[PDB]
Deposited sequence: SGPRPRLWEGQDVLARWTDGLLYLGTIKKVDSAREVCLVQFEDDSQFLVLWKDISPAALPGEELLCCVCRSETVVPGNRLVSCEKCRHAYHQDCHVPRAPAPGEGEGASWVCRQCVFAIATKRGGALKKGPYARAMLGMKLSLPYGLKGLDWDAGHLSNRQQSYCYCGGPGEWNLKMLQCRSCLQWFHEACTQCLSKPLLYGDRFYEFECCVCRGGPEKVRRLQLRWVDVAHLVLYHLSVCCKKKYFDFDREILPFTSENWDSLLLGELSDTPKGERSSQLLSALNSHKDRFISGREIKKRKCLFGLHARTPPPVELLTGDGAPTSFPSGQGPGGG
């Protein structure tokens, strides 16, 4: 089982594996308190906790049935039932699902080319959990099981995740292989389709943003990153927009004079007082703007 002081790998909300130390276990709620390298402590579900062996770690048991030899991975040396693994193992060099992801996943998108890129793509054709049996909230944003993506790990929809238009499941940025630019926080202006529904490589299409969308997305992204509310337009908001203009994928708005960019953006910030709060409300300069509610920009 699991114990205190035990060093474990924990799958974080970004789909990546981080090495941590167990500080406390709770079998009542099936949760684990894990401390990481930066001395931070977070509650981790046991499904995301990962501890020359002889047992199958998946089914907690040995079997008799022929055809499914207990195969061990080359990297993690865990013993897998040939049919408790997804999709299914060759009997005897074999790399299990979790290690294929561990090697292939990366911030800003996983590997596109290489043996492991093609390996994960084969893995991404199937899900290691019951998708149909998932419990969603009204907005279809969260799980009760906290199971998302191809990996089956935790995640927050507003923190660098894409939603498949077909199955409505959320997928980590680090687990996708279709993106050309890094995701901003709260960016839902995409038309995405996963590998499972497609039976092949993912397909993604960037939606056309309006100026009010650009202002809201940038302000929300800055708010999450800098952990504050009010941002100066000339010193913070516009420079960020200019420095990362190419990564924003703004379509037709790309060919707009920087002089008019400032005008269009400043105009949207002052007009939409349902979304934005100027510096007037807190007795600062009017060029300061912050979100009314710390929420991602809504899609039409």
{"item": "Missing stretches, numbered from 1 on the deposited chain sequence and kept in order", "value": "1-5, 57-61, 103-108, 317-336"}
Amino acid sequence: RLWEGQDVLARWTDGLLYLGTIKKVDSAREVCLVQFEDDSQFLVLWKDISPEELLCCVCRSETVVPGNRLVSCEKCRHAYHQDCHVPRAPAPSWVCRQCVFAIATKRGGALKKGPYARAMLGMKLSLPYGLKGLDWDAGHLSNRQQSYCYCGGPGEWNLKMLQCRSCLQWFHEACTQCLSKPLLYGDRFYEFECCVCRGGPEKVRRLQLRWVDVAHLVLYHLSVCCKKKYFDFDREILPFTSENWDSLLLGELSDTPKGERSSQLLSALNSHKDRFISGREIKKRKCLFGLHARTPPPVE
From here on, numbers count along this sequence of modelled residues.
{"query": "Average Cα temperature factor in the PDB entry - higher stretch of 216-224, 113-121", "finding": "113-121"}
{"query": "Of 248-256 and 58-66, the stretch whose C-alpha atoms average the higher B-factor in the entry", "finding": "58-66"}
{"query": "Out of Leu16, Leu288, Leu291, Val25, residue topping the C-alpha B-factor column of the entry", "finding": "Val25"}
{"query": "Of the residues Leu162, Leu207, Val95, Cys167, the one carrying the largest Cα B-factor as recorded", "finding": "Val95"}
{"query": "Cα B factor band for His140 (lowest, middle or highest third within the chain)", "finding": "middle"}
{"query": "Position of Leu238 among the chain's modelled residues by C-alpha B-factor, lowest, middle or highest third", "finding": "lowest"}
{"query": "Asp48 by Cα B-factor - lowest, middle or highest third of the modelled chain", "finding": "middle"}
{"query": "Chain third (lowest, middle, highest) by recorded CA B-factor, residue given as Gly153", "finding": "lowest"}
{"query": "Among modelled residues of the same chain, the CA temperature factor third for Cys194", "finding": "middle"}
